[PDB]
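Visitor: Input: one structure, supplied below.
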Amino acid sequence: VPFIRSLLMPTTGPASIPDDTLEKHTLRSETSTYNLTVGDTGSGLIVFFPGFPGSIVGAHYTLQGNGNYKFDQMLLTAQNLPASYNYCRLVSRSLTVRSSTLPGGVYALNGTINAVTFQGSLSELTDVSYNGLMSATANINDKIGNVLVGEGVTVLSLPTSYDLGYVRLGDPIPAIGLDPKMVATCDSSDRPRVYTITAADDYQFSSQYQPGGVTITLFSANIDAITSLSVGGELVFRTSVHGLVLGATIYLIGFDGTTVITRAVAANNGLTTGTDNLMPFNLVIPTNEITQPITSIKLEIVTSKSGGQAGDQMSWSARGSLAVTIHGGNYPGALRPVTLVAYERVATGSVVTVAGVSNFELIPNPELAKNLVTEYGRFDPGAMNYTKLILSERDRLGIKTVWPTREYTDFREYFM
Amino acid sequence: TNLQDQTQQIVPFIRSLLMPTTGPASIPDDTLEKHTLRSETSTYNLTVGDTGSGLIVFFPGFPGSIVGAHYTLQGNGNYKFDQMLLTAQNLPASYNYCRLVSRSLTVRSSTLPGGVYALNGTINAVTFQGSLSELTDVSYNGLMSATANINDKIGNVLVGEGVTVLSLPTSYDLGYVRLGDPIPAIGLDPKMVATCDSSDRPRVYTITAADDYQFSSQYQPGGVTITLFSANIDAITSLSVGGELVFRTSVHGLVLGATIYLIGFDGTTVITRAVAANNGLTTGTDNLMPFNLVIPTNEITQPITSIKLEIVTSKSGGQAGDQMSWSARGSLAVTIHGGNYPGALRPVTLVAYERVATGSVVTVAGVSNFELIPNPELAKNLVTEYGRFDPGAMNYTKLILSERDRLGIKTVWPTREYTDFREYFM
Amino acid sequence: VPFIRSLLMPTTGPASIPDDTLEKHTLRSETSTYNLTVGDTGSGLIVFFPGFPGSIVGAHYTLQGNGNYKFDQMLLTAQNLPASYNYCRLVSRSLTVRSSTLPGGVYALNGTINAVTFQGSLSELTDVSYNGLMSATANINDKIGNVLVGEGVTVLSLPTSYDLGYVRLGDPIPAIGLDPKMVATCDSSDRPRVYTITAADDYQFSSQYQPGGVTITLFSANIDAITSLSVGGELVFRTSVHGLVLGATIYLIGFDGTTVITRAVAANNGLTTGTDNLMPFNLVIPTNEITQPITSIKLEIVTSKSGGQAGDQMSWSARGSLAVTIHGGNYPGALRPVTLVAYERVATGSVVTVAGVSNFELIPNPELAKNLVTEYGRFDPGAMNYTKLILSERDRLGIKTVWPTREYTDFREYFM
Amino acid sequence: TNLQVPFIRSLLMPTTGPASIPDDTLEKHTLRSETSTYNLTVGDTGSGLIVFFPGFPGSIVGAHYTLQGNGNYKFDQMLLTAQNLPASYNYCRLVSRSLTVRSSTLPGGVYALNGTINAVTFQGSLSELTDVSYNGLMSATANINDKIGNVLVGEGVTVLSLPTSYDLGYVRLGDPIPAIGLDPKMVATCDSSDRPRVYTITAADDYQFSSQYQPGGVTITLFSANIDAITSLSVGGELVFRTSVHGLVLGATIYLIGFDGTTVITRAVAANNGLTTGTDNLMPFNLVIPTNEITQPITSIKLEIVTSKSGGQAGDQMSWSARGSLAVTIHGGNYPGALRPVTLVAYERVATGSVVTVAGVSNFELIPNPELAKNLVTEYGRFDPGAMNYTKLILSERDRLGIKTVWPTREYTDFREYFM
């Protein structure tokens with residue numbers, strides 16, 4: 001199989017990427033099939049990650065009668081690739097979302113589907129409404145709407161960059177601990193994404209005494225992460241009021257608005273009058289701690305007078321800047337291409353079928369590398385020129401990321 | 001010249017590489033991504049001083065809207081910072097990711113003398129393959145020794161003739177690099193800023209600041225302040241300081257405090273920050289003070305050349321005759337976000353004018369070419385498409401740059417020879 | 001794509017109107033999709049504005065258990081065009097109303113559709129029921145009856161006028177203010193609509209004293225508003241009794257009877273015996289307080305007596321006339337062509353799907369005009385004469401504003 | 001140089017003479033070609049800005065601002081047509097227009113000739129402009145044709161007026177009507193009124209102000225918003241006040257700030273307005289600003305409010321609440337050409353004591369006043385089939401043929417010889 005046949009038809013089989021990265025690799029093709037349950041209202045959202053160089057394929061949210069989503073599950077791949085490999089590159093990936101059949105006591109089909117390929121991460125999108133998804137790209141090919149749910153949609157992953165290094169999968173390293181639930185893994189680390197935040201710039205705080213403390217929210221921003229991340233920096237406090245106790249806690253909010261993790265940074269911190277008081281941030285959040293994708297981050301601060309009753313107005317001022325380092329974030333395909341597929345009002349008690357094939361290039365771990373042979377790529381000259389020509393004339397040929405399924409069928413029949 | 005020929009026409013990329021005022025193009029490398037082309041100008045009239053002499057530090061490979069910095073020499077030896085030259089529109093207000101196709105810049109004098117004799121002034125220009133603080137001589141005469149390549153320096157060019165700085169490539173197959181774009185965020189501070197920085201290919205400086213260095217002084221009221229080190233680092237953008245020093249003393253009652261100074265190109269302190277305050281030492285134990293410093297992009301106003309660490313040691317109460325003493329061990333790490341990216345810091349072009357006559361105008365005017373990705377607000381309106389395909393452009397560029405010495409293609413040109421070269425190559 | 005193909009088939013793609021209005025612009029196409037939930041009785045009313053130059057498509061109303069209606073939502077396009085553009089013209093628009101509920105057996109589910117296109121405004125319709133729609137016109141190509149929801153109806157926008165200039169979209173202007181909820185915009189101004197209501201022509205009032213005062217509704221009149229308006233004029237009150245005081249309030253009533261906006265016009269206005277007493281009117285109603293469209297207006301004067309006593313006489317008399325300016329109201333398409341689509345008794349659990357596409361000619365705001373190129377229109381001679389030739393012979397060719405969807409599909413096939 | 005036919009010729013070469021616009025506006029008119037000649041004294045820094053209105057249907061051609069020593073602008077004067085057109089005509093259209101900005105010459109006592117020019121054509125008003133700096137003007141549009149950069153002042157530049165829209169009715173000039181009055185400085189004119197521009201401003205959406213007493217009261221600015229005016233205004237609306245403190249006094253004043261930053265027109269809306277507790281009380285805005293009160297183009301409006309109370313000590317505090325919305329109506333603002341295209345010529349570093357030479361020709365279509373209609377023949381325009389189609393073809397291939405709005409005088413001269 002050539003490379004353009006594997007790129008335009010990912011269900012054919014894997015081909016090596018023809019480029020300058022020559023390395024001993026194996027070609028493996030993967031599958032992932034789901035019967036995910038429609039919620040009570042009938043509607044929800046599917047967040048694909050085309051381009052992700054690993055086993056994570058996407059997430060599932062269910063829209064409810066309040067109007068806010070609820071996380072169902074992370075859509076994964078059949079084989080746990082970090083359990084048996086170390087490095088990875090995505091050759092191609094295709095998905096298909098259809099609800100073409102009835103449940104037991106239902107005599108009619110319901111449902112329509114919108115789908116877009118937004119060219120940024122998931123927190124960058126303004127409208128997540130059913131109607132407002134269509135205004136996320138200006139391209140005719142990257143979006144389609146009012147598709148019947150019985151026909152379905154087909155997601156095709158087009159290349160974001162070539163000449164990419166191999167990316168380290170989240171694989172466990174051998175380790176011994178007294179904790180039985182001790183996990184030590186080697187994360188993805190090349191090409192990170194760093195968000196800087198100037199939290200306060202000599203911000204003055206004035207709020208009178210309340211017994212138990214006064215809790216405020218300093219800021220709230222929009223980060224993006226599926227994998228491990230860190231937080232570093234300092235906030236510097238000044239005061240004139242004797243005996244204050246400061247507590248701060250970092251929150252990492254999911255896409256559905258609920259709290260994923262919580263981390264107390266300062267516990268029982270004592271101010272000093274006439275001296276600047278500094279608290280550090282040293283957070284490392286591992287990969288397993290993160291269940292659903294992270295859309296926001298929030299710092300809230302709790303202040304309390306040390307035994308001052310009926311008075312003691314307790315002001316302070318703060319200055320400082322922190323940083324959030326997403327490990328492996330700017331690798332093209334980790335976060336920056338997203339595809340949202342929003343089905344609306346399917347019949348209750350019914351299922352939505354997601355099925356796909358993902359073609360990889362791997363390097364095995366030392367337990368498997370003694371049994372499995374790796375070769376260099378089976379070259380052929382002039383495959384990269386033909387690939388670049390097809391990608392350059394993509395508007396004329398009609399090649400697109402998001403199709404309806406009959407168009408991908410007769411395009412596949414015309415291409416074969 | 002009359003600056004035109006912007007984005008809309010597409011150029012075969014060796015004409016766009018060697019003549020960036022013709023217009024933009026796409027790079028023939030394998031980084032295949034939907035993007036939009038863009039061509040943008042920057043026209044500056046400069047302000048000379050009493051001495052009439054100064055320096056313009058160009059970054060000809062910088063991805064983004066920073067193009068250069070300008071320093072004016074004084075009656076002493078010390079420079080003074082005027083402004084940073086930048087492009088027409090602010091690119092992080094509209095886009096997220098960026099590469100640099102080409103760039104060309106021109107430093108002339110638009111004064112047009114009326115008589116027989118011209119007006120005063122000459123120009124030295126060089127291209128240095130390294131950072132701004134790595135230069136040993138930044139004087140007017142000291143530029144001509146910075147490079148050994150004959151096509152990368154030119155001397156005693158008259159200001160009425162002028163100079164031309166053509167940007168030749170540092171590498172290819174580079175990724176798109178994230179602009180300093182503002183995030184959507186809410187907060188209590190009205191001056192709350194949060195951006196997403198350039199982060200790919202960082203640069204790290206590891207500084208073993210002390211290895212059992214001991215201090216001793218008699219007690220002076222207010223404290224005794226000593227400067228522990230000073231290294232030459234390089235930053236235009238976000239910066240981070242990590243590490244730890246550790247102390248062991250035998251004297252009771254000492255109180256320690258540390259402060260970080262980031263010094264610009266001209267000696268004047270850009271940023272002062274306190275990393276540790278009111279640290280109390282304990283006799284016979286080990287005393288641990290960390291560094292947790294994050295610096296945003298908007299606080300760097302000028303390029304930074306050195307970094308310091310002063311330490312103020314005090315004593316609680318304190319008689320006039322008392323001993324303060326301690327030991328220090330530790331090491332530090334300075335992390336320049338996006339330092340080792342080819343073009344972010346490393347190619348540096350310096351153009352020194354000297355003795356420009358009173359009432360003369362020095363003009364900087366050039367065109368930069370880009371490959372850009374819109375933000376979520378501009379992607380609702382602008383169509384992004386893959387680059388056009390023509391084969392053999394990359395081999396032809398490799399051939400021309402392989403025979404750059406015989407053809408005589410220079411990074412710094414006198415403008416007459418470049419105008420001749422354009423008439424020849426067209 | 002030519003103009004005569006983009007006018008009769010707006011799903012094809014946008015063209016620019018061939019006329020004597022030459023201006024640097026950029027052409028654009030927007031898609032709006034809405035899955036609608038049907039109320040308890042099963043019926044409702046969708047009111048489309050088929051020629052509206054901005055980005056307001058329609059408004060959903062639901063018929064209740066009594067005769068009343070209830071406002072659901074304003075149907076809109078995908079993106080908020082005033083956020084990014086200044087000026088606009090509409091080229092074409094096409095909308096589709098059917099149920100995507102796909103019955104399984106032999107027979108279908110419940111539900112029919114009436115649809116008319118009315119040449120005046122919305123508060124000029126005499127009867128707005130299901131049966132009373134199909135009387136509103138006399139043209140046989142502008143109304144259709146008993147259309148099944150499984151087949152559906154299709155609304156096409158044919159021109160009200162050509163050679164008309166652009167209209168200013170309600171964009172925000174740069175402004176600073178102390179109040180953080182400050183809105184300042186530049187809205188549609190050209191071709192105003194002015195109403196003159198002689199509210200009282202020497203009316204006379206007389207009543208006994210009551211605590212809180214006596215409230216009487218002076219007039220009530222049917223006006224039209226989707227965007228901003230203003231009210232001006234005066235009332236001259238003559239009285240003969242000491243101690244009187246007046247206070248007035250203007251209500252703006254929506255299409256469903258509900259009071260949208262109340263404004264205190266004058267308050268604590270004392271009357272002086274034997275002279276004129278002027279109560280001038282100065283109201284500006286911005287675009288953002290109007291959530292549902294305005295179809296009526298009231299004035300209610302609350303008279304009272306200072307130093308009141310039980311059983312005491314109070315009386316006055318008034319003259320005056322008022323002006324109501326609807327900004328951008330006589331522009332063609334803002335208010336004047338209105339298509340109504342009423343559905344009755346759709347089965348339980350079925351959704352009605354409003355989905356269509358609209359084509360524009362747009363001019364960006366100065367933040368977006370620095371990155372798009374705007375240019376003059378394409379030259380095609382004879383497109384205007386061919387458009388006139390098609391529209392003059394419309395009945396012989398059978399070109400309708402409301403279609404059955406199958407018959408417009410047949411028209412589309414033998415027009416390709 | 002040595003200043004003072006079909007429609008396309010008079011559109012692309014406006015010094016050739018007037019013509020009639022071929023469209024469906026069949027009206028009896030006369031034809032007129034006007035000139036404007038200015039020698040503009042450069043400022044003390046040698047820098048400034050020249051604003052043009054290329055499509056303006058009247059005698060106002062532009063304005064001139066001189067860049068000061070502390071980075072600010074200062075209003076110099078207004079650029080005008082040689083003949084006062086409202087003095088003898090009623091209605092007007094603009095056929096075409098051309099300008100030229102140049103120095104090319106020495107002040108005397110100076111031995112060298114320095115300076116540069118950047119210029120853009122901007123498709124919005126002057127208050128809609130983001131940067132006014134010398135660098136940042138070149139960013140204001142994305143068209144290759146509509147902008148030019150780094151032009152030597154001895155060469156020059158040329159502003160060509162390409163059409164904003166056709167089938168435009170005749171707009172009415174600001175002409176005096178016959179009137180008598182007691183005040184000798186009594187004026188009465190009939191302004192441009194077709195296609196206005198409205199700005200609605202929700203000033204306070206339940207804003208609650210509170211501050212301590214000071215003698216004389218405290219003064220705070222409720223808003224300021226960017227607007228546009230060369231001709232008459234109308235400010236209308238309402239603000240409703242609510243207080244619980246007893247005995248307050250209010251004061252309100254509208255300012256209209258120019259482009260140089262100084263105040264142009266000021267009007268007192270409320271003087272000595274006394275509040276009442278538990279009662280909606282209100283001040284109305286009834287403002288008519290004439291054309292002769294406007295001396296420079298207007299960029300922003302603002303409202304400063306002064307509160308006070310009668311007989312207050314140093315301790316007691318005063319507070320109120322405010323809701324209300326007001327609307328500004330710019331008469332004739334959305335006529336195309338009156339405010340919407342702006343050409344901006346920022347010259348820089350011309351030697352001090354020198355002049356900048358503005359020369360131009362503008363063609364019109366006019367309808368006389370009743371004093372001049374007795375003596376001047378008006379008739380319909382000459383007919384030729386296919387001039388509008390050739391205009392549409394020329395503007396359809398504008399990017400190919402290299403027709404633009406602002407380009408240097410030498411390329412304009414080569415184009416003018418290549419076309420003629």
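Going by the structure tokens order, chains are called A, B, ..., each with residues numbered from 1, while ligands are numbered from 1 in the order shown.
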Determine which residues of chain D sit within 6 Å of chain B, taking into account only C-alpha atoms, and present them as a PyMOL selection string.

Guide: chain D and resi 111-114+135-136+139+144+149-151

Visitor: Any chance you can output those residues with N, CA and C atoms as a PDB file, in the first residue's frame?

Guide:
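Okay, this is what ended up in part.pdb:
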ATOM      1  N   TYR D 111      19.939  74.305   3.391  1.00  0.00           N
ATOM      2  CA  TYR D 111      20.769  73.869   2.277  1.00  0.00           C
ATOM      3  C   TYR D 111      20.452  72.460   1.797  1.00  0.00           C
ATOM      4  N   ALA D 112      19.490  71.776   2.413  1.00  0.00           N
ATOM      5  CA  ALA D 112      19.163  70.403   2.055  1.00  0.00           C
ATOM      6  C   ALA D 112      17.668  70.172   2.229  1.00  0.00           C
ATOM      7  N   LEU D 113      17.173  69.100   1.616  1.00  0.00           N
ATOM      8  CA  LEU D 113      15.747  68.857   1.444  1.00  0.00           C
ATOM      9  C   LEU D 113      15.377  67.472   1.966  1.00  0.00           C
ATOM     10  N   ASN D 114      14.801  67.412   3.164  1.00  0.00           N
ATOM     11  CA  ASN D 114      14.536  66.141   3.828  1.00  0.00           C
ATOM     12  C   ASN D 114      13.047  65.944   4.091  1.00  0.00           C
ATOM     13  N   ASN D 135       4.197  54.702  11.629  1.00  0.00           N
ATOM     14  CA  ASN D 135       4.334  53.316  11.204  1.00  0.00           C
ATOM     15  C   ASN D 135       2.969  52.673  11.002  1.00  0.00           C
ATOM     16  N   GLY D 136       2.071  52.836  11.973  1.00  0.00           N
ATOM     17  CA  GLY D 136       0.874  52.022  12.039  1.00  0.00           C
ATOM     18  C   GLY D 136      -0.241  52.431  11.104  1.00  0.00           C
ATOM     19  N   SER D 139      -0.723  49.660   8.288  1.00  0.00           N
ATOM     20  CA  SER D 139      -1.431  48.446   8.648  1.00  0.00           C
ATOM     21  C   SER D 139      -2.934  48.563   8.469  1.00  0.00           C
ATOM     22  N   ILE D 144      -3.222  46.186  -1.694  1.00  0.00           N
ATOM     23  CA  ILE D 144      -1.968  46.691  -2.248  1.00  0.00           C
ATOM     24  C   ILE D 144      -2.205  48.035  -2.912  1.00  0.00           C
ATOM     25  N   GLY D 149       3.978  53.570   0.763  1.00  0.00           N
ATOM     26  CA  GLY D 149       4.825  53.842   1.904  1.00  0.00           C
ATOM     27  C   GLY D 149       6.209  54.296   1.490  1.00  0.00           C
ATOM     28  N   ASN D 150       6.783  55.152   2.348  1.00  0.00           N
ATOM     29  CA  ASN D 150       8.133  55.709   2.204  1.00  0.00           C
ATOM     30  C   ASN D 150       8.293  56.484   0.899  1.00  0.00           C
ATOM     31  N   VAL D 151       7.526  57.555   0.725  1.00  0.00           N
ATOM     32  CA  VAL D 151       7.654  58.354  -0.483  1.00  0.00           C
ATOM     33  C   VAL D 151       8.364  59.656  -0.144  1.00  0.00           C
TER      34      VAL D 151
END

Visitor: Would you write out, as a tab-separated table, a table of all residues in chain C that have an atom no more than 6 Å from an atom of chain D, listing for each the closest atom pair and the distance in Å to one decimal, considering only C-alpha atoms and ordering rows by chain and rising residue number?

Guide:
residue	atom	partner	partner_atom	distance
C:20	CA	D:166	CA	5.6
C:21	CA	D:165	CA	4.9
C:22	CA	D:165	CA	5.0
C:23	CA	D:164	CA	5.3
C:174	CA	D:226	CA	5.9
C:175	CA	D:225	CA	4.2
C:176	CA	D:224	CA	5.7
C:177	CA	D:223	CA	4.3
C:178	CA	D:222	CA	5.9
C:179	CA	D:207	CA	5.6
C:182	CA	D:202	CA	5.9
C:183	CA	D:202	CA	5.3
C:184	CA	D:201	CA	4.3
C:185	CA	D:200	CA	5.8
C:186	CA	D:199	CA	4.6
C:189	CA	D:197	CA	5.5
C:190	CA	D:195	CA	4.7
C:282	CA	D:237	CA	5.6
C:283	CA	D:237	CA	5.7
C:284	CA	D:237	CA	5.6
C:370	CA	D:141	CA	4.3
C:371	CA	D:142	CA	5.4
C:373	CA	D:142	CA	5.5
C:376	CA	D:396	CA	5.9
C:378	CA	D:396	CA	5.5
C:379	CA	D:396	CA	5.9

Visitor: Output the selection as a short mmCIF file (atom, residue, chain, number, x, y, z; two decimals), in the first residue's frame - N, CA, C and O atoms for each residue.

Guide:
data_model
loop_
_atom_site.label_atom_id
_atom_site.label_comp_id
_atom_site.auth_asym_id
_atom_site.auth_seq_id
_atom_site.Cartn_x
_atom_site.Cartn_y
_atom_site.Cartn_z
N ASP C 20 -26.21 49.31 -10.19
CA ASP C 20 -25.37 50.51 -10.20
C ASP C 20 -25.00 50.93 -8.78
O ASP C 20 -25.18 52.08 -8.37
N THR C 21 -24.48 49.98 -8.01
CA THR C 21 -23.97 50.24 -6.66
C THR C 21 -22.60 49.57 -6.57
O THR C 21 -22.46 48.41 -6.20
N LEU C 22 -21.58 50.33 -6.96
CA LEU C 22 -20.22 49.81 -7.04
C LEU C 22 -19.46 50.15 -5.77
O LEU C 22 -19.24 51.32 -5.48
N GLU C 23 -19.05 49.12 -5.04
CA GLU C 23 -18.40 49.34 -3.76
C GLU C 23 -17.50 48.16 -3.43
O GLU C 23 -17.87 47.01 -3.68
N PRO C 174 -15.96 52.23 20.07
CA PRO C 174 -15.07 52.28 21.24
C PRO C 174 -15.53 53.31 22.25
O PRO C 174 -15.76 54.48 21.92
N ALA C 175 -15.68 52.88 23.50
CA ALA C 175 -16.22 53.72 24.54
C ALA C 175 -15.72 53.22 25.89
O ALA C 175 -15.45 52.04 26.07
N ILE C 176 -15.59 54.15 26.83
CA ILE C 176 -15.27 53.82 28.21
C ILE C 176 -16.35 54.42 29.10
O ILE C 176 -16.99 55.41 28.74
N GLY C 177 -16.58 53.79 30.24
CA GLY C 177 -17.62 54.24 31.15
C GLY C 177 -17.37 53.72 32.55
O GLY C 177 -16.62 52.77 32.77
N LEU C 178 -18.02 54.39 33.50
CA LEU C 178 -17.94 53.96 34.89
C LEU C 178 -18.74 52.68 35.12
O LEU C 178 -18.27 51.75 35.78
N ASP C 179 -19.95 52.64 34.59
CA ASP C 179 -20.79 51.46 34.69
C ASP C 179 -20.20 50.35 33.82
O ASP C 179 -19.97 50.56 32.63
N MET C 182 -22.10 48.89 30.25
CA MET C 182 -22.31 49.98 29.31
C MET C 182 -22.28 49.45 27.88
O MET C 182 -21.35 48.74 27.50
N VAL C 183 -23.31 49.79 27.10
CA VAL C 183 -23.41 49.42 25.70
C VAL C 183 -23.53 50.69 24.87
O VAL C 183 -24.39 51.53 25.14
N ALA C 184 -22.66 50.84 23.87
CA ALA C 184 -22.74 51.95 22.93
C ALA C 184 -22.54 51.41 21.53
O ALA C 184 -21.51 50.80 21.23
N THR C 185 -23.53 51.62 20.66
CA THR C 185 -23.50 51.04 19.33
C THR C 185 -23.82 52.10 18.28
O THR C 185 -24.28 53.20 18.60
N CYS C 186 -23.55 51.76 17.02
CA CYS C 186 -23.98 52.53 15.86
C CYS C 186 -24.90 51.65 15.03
O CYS C 186 -24.45 50.67 14.43
N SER C 189 -29.93 53.45 10.45
CA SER C 189 -30.39 54.82 10.56
C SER C 189 -31.14 55.27 9.32
O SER C 189 -32.02 56.12 9.39
N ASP C 190 -30.79 54.69 8.17
CA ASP C 190 -31.32 55.15 6.90
C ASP C 190 -32.76 54.71 6.72
O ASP C 190 -33.16 53.63 7.16
N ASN C 282 -39.29 62.21 25.95
CA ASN C 282 -37.94 61.97 25.43
C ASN C 282 -37.49 60.57 25.86
O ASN C 282 -36.93 60.38 26.93
N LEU C 283 -37.73 59.58 25.00
CA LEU C 283 -37.35 58.20 25.27
C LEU C 283 -36.50 57.68 24.13
O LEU C 283 -36.82 57.90 22.97
N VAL C 284 -35.40 57.00 24.47
CA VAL C 284 -34.61 56.25 23.50
C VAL C 284 -34.54 54.82 24.00
O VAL C 284 -34.18 54.57 25.15
N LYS C 370 -8.21 44.94 8.11
CA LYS C 370 -6.78 45.01 7.86
C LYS C 370 -6.22 43.65 7.45
O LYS C 370 -5.02 43.52 7.18
N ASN C 371 -7.07 42.63 7.39
CA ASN C 371 -6.64 41.29 7.05
C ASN C 371 -7.42 40.66 5.90
O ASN C 371 -6.91 39.73 5.27
N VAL C 373 -9.09 41.31 2.06
CA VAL C 373 -9.10 42.18 0.89
C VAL C 373 -10.55 42.36 0.45
O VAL C 373 -11.32 41.40 0.37
N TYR C 376 -14.10 45.29 -5.83
CA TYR C 376 -15.35 45.56 -6.52
C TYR C 376 -15.97 44.26 -7.02
O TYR C 376 -15.34 43.20 -7.06
N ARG C 378 -17.91 41.47 -9.53
CA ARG C 378 -17.60 40.92 -10.84
C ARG C 378 -18.57 41.46 -11.88
O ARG C 378 -19.73 41.75 -11.58
N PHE C 379 -18.08 41.58 -13.10
CA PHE C 379 -18.85 42.16 -14.20
C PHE C 379 -19.50 41.06 -15.01
O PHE C 379 -18.82 40.15 -15.50
#

Visitor: Using only C-alpha atoms, which of the listed residues (B:183, B:228, B:263, B:378) sits closest to chain C?

Guide: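 When distances to chain C are compared using only C-alpha atoms, the smallest one comes from B:378.
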
Visitor: Give me, as a count of residues only, the contact residues of chain B against chain A at a cut-off of 8 Å, counting only C-alpha atoms.

Guide: 48

Visitor: Show me, as a ChimeraX atom specification, every residue of chain A with an atom at most 8 Å from chain C, counting only C-alpha atoms.

Guide: /A:107-112,130-135,145-146,148,344

Visitor: Put those residues in a file: N, CA, C and O atoms, as a short mmCIF file (atom, residue, chain, number, x, y, z; two decimals), in the first residue's frame.

Guide:
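result-v5.cif, written as the output of this step:
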data_model
loop_
_atom_site.label_atom_id
_atom_site.label_comp_id
_atom_site.auth_asym_id
_atom_site.auth_seq_id
_atom_site.Cartn_x
_atom_site.Cartn_y
_atom_site.Cartn_z
N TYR A 107 -40.73 3.46 17.26
CA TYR A 107 -41.22 3.22 15.91
C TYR A 107 -40.81 4.31 14.92
O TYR A 107 -41.44 4.42 13.86
N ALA A 108 -39.79 5.11 15.22
CA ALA A 108 -39.36 6.21 14.36
C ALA A 108 -37.94 6.64 14.73
O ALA A 108 -37.54 6.56 15.89
N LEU A 109 -37.19 7.11 13.73
CA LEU A 109 -35.84 7.62 13.93
C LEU A 109 -35.87 9.12 14.20
O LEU A 109 -36.62 9.85 13.55
N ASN A 110 -35.03 9.57 15.13
CA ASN A 110 -34.85 10.98 15.41
C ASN A 110 -33.37 11.31 15.40
O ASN A 110 -32.54 10.50 15.83
N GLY A 111 -33.03 12.50 14.92
CA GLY A 111 -31.70 13.00 15.19
C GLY A 111 -31.05 13.66 13.98
O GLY A 111 -31.20 13.21 12.84
N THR A 112 -30.31 14.74 14.24
CA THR A 112 -29.46 15.37 13.24
C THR A 112 -28.10 15.66 13.84
O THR A 112 -27.93 15.71 15.06
N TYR A 130 -25.24 24.20 19.28
CA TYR A 130 -25.51 23.38 18.11
C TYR A 130 -25.48 24.20 16.83
O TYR A 130 -24.90 23.79 15.82
N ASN A 131 -26.14 25.37 16.84
CA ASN A 131 -26.15 26.23 15.67
C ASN A 131 -24.80 26.90 15.48
O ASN A 131 -24.29 26.99 14.36
N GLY A 132 -24.18 27.35 16.58
CA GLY A 132 -23.01 28.20 16.50
C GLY A 132 -21.71 27.48 16.20
O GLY A 132 -20.67 28.13 16.12
N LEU A 133 -21.73 26.15 16.05
CA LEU A 133 -20.51 25.45 15.66
C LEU A 133 -20.12 25.76 14.22
O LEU A 133 -18.93 25.78 13.91
N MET A 134 -21.10 26.03 13.36
CA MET A 134 -20.83 26.26 11.93
C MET A 134 -19.98 27.50 11.71
O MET A 134 -19.29 27.62 10.70
N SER A 135 -20.02 28.44 12.65
CA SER A 135 -19.15 29.61 12.61
C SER A 135 -17.92 29.39 13.48
O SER A 135 -17.70 30.04 14.49
N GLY A 145 -23.31 20.41 7.85
CA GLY A 145 -24.37 20.48 8.83
C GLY A 145 -25.69 19.99 8.27
O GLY A 145 -25.86 19.81 7.06
N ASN A 146 -26.64 19.80 9.20
CA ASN A 146 -27.97 19.22 8.95
C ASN A 146 -27.86 17.85 8.29
O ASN A 146 -28.57 17.53 7.34
N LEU A 148 -28.57 13.96 8.47
CA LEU A 148 -29.43 13.02 9.17
C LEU A 148 -28.58 12.06 9.99
O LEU A 148 -27.46 11.73 9.62
N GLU A 344 -27.95 15.87 17.92
CA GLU A 344 -28.99 16.48 18.72
C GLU A 344 -30.30 15.72 18.58
O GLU A 344 -30.73 15.41 17.46
#

Visitor: DSSP on the backbone: what in region 97-297 of chain B comes out helix (DSSP H, G or I), as a list in words?

Guide: residues 132, 133, 134, 141, 142, 143, 144, 145, 150, 151, 152 and 297 of chain B
